[PDB]
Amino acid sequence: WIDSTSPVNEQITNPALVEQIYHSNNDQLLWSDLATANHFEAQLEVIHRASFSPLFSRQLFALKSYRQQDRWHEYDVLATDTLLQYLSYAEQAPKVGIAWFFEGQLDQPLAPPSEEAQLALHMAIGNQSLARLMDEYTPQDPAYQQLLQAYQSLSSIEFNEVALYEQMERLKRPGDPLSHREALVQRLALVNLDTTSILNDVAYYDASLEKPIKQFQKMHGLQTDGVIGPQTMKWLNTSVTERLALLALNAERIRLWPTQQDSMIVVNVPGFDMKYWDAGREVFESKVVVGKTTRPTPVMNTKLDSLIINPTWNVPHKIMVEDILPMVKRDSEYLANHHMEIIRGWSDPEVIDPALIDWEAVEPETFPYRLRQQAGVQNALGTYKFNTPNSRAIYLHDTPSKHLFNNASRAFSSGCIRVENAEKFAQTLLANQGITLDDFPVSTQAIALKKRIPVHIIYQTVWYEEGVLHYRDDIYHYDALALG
């Protein structure tokens, strides 16, 4: 009850509120219920495995230390401080959580949780329903439930020996012989695919393996070609440990995304997909190109205020000096081909004549003007820019290069987000705000939206959709470390 002058005196973030919660509940042990101490460790394990919080990792190991030393007096105190941390974490995640998973980490202790929460705690320790509290301060979002369910399932078969699928050749196409069928078949059953119709004692890659393998490649957003190449093996071979880690991370990540469907646009970068929910109903789905690994689309929340039809593209300074100018120094028919003008001024802007410029004299880094590409069907922004004002000038837009949408992995852009069915998207937006266009614009036309729509640009490499879990290559290395 009194401090035993132990290490625990430095482990506590807010000792003030801790003793106040004890004084109020008669200075008694709360964590004497083991099957409740388990359920709290269980949930910290998840946060540990996601490897985005140093703080919760260390306190979890501090508790696991005091549980192995049988020093349950000290385990009781820390566990309470930690549970307040947990509740702040649950509460503050959807507001400032991006900082913990992508920009930085949850390294340092949080503000104490809101009054609403502290009561809910005091009230829940009354009914000794600490367990149920923890579960109430997880997302009541089936997207979250599903990942956790799978996590629990795979945790049981974690550390159970599963042979690696190996093959002597680099590629195995349908009909080629197979040197490790038993292992391959197991590693499909392991991501919970229907393994039951696959024939048993077969030298080779028969029809019975063909759907399983494709369903598997679809599930991992790979090429659905039935060919068991390196990409398809990398995933087959990922250890249960590694998957659990993804489930854990992508689960605790869902705290950042509300899943509100009254009106929202979601871009999942690793999935390279985009959905627009209006009135709880998915009105629009589309493939998207996102930032290439070197110029990545950031994880951010912004708002779609307006749509521009036949948009002009004010070429960003980075792209002018790094890409375009260097090519104008070779191809003197470049500017005419790409329909790009040279421009002095953001205000009263004149069109500078290209031929008036000594081009093999130009240093791109100090080039004093800016490029503005005319509207056109070959304009970089195509026929539709979806205005999402923000400091990093990330927006959605149509693209002339529709051929890129065929690729499984669409990390090509400068950071902006290219929309496959841009025309349908724009139609859907105007329908869902009762904005009517008597005639289709022949010129650059801004259309203010009646209602700003939240745009959630997320990075989830694992998620549940139409019955099944989906995995995706950690294109921007945010899942690394959690994979190790």
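From 1 onward, residues are counted along the sequence shown.
Per the PDB record, of the two stretches 437-445 and 411-419, 437-445 carries the greater mean B-factor over its C-alpha atoms. A summary of the deposited B-factors shows that, of 64-72 and 427-435, the stretch with the larger mean C-alpha value is 64-72. Of the residues listed, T293, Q373, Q261, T302, the entry assigns the biggest Cα temperature factor to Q261. The top Cα temperature factor in the record, among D398, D194, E322, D81, falls on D81.
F52: CA B factor lies in the middle third for its chain, per the PDB record. Ranked by Cα temperature factor within the chain, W257 sits in the highest third according to the deposited record.
Residue-level temperature factors show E466 in the middle third of its chain, judged at the C-alpha atom.
Among the modelled residues of its chain, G226 has a C-alpha B-factor that falls in the middle third, as given in the PDB entry. In this PDB entry, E341 carries a Cα temperature factor that places it within the lowest third of its chain's modelled residues.
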